[PDB]
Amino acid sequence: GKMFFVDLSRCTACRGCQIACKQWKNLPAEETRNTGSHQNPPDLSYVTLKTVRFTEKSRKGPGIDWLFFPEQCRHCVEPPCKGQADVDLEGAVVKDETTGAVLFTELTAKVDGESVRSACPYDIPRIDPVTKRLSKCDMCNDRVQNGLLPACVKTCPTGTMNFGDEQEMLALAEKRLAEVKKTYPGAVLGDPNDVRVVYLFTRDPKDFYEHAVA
C-alpha cells in the first residue's frame, strides 16, 4: 500500500501539519495552557490525532539541538492494536488493504479501549471519555483513495512530509538517509520494516520522544 517518509532533518516546527489535520477533519480544539513550552496540545487526545513535540538538547557553544516530532499513528504492517480489539469485536479495527491504513470504527466504543492503547508499542490510541470511541490518525484514508495527499503531507512547506507507494517511499528513505547522514552522523530510520510512517531522525530517536520507535 502507501507509506509516509518523514524527514525530520527539514522540519521547521511550523505546525502547518497539526492545523491541517484539524481543518480537514473539522476536529475541535482542546483547552490548552502554556506550561513553559511551545508544545501544545501537550499530547495526542481523542480530538488531536497529531501534535508537534518540541525537545531542547544542550550543545556546547551557541544554540541548541531543537528536536521536532510531528507524532501520528505508524499504520503498522501487522498492527498490535488490531490484535487486541479483534478479541472483543472484529470491525472495531480494520485494515484497508489498498492503502495499508489501520482504521478505528465506531465499534471501538464496544471494545476495551485501555487494552488497545496498551498494545500499541508507540502509545498512539486515545479514548473519548464520553462515547468511549478510540481515535488516531486514519492516514486521511479517504483523501488517499481519491488520489490526494494526506492533509498534513500536502500542507508541509519543507519537504519533511513525503507520501507515496511503499517501494518509492523506502527507496527515498534509503537515499535521503545516506545524504542526511553526512550532516547528522547519528541519523537513523524509525522501524522502517514494521510501519508505514517512516521517520528519519537526526539522532537517537528516543531523544525526540520516548515512544518515537518501538
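Counting begins at 1, following the sequence as shown.
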On mean C-alpha B-factor from the PDB entry, just flag whether 11-19 or 196-204 is the higher one. 196-204
Quick one: say whether 172-180 or 30-38 has the higher mean Cα B-factor in the deposited entry. 172-180
Highest recorded Cα temperature factor - choice among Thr160, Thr55, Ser58, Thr155: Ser58
Highest Cα temperature factor in the entry, among the options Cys73, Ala101, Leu107, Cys120: which one is it? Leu107
Sorting the chain's modelled residues by C-alpha B-factor and splitting them into thirds places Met3 in the middle
Compare the C-alpha B factor of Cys137 with those of the other modelled residues in its chain, then answer lowest, middle or highest third. lowest
Mind checking which third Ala187 falls in for C-alpha B-factor across the chain? highest
Temperature factor at the Cα of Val144, chain-ranked in thirds, falls in the middle
Splitting the chain's C-alpha B-factors into thirds, which one does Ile124 fall into? lowest
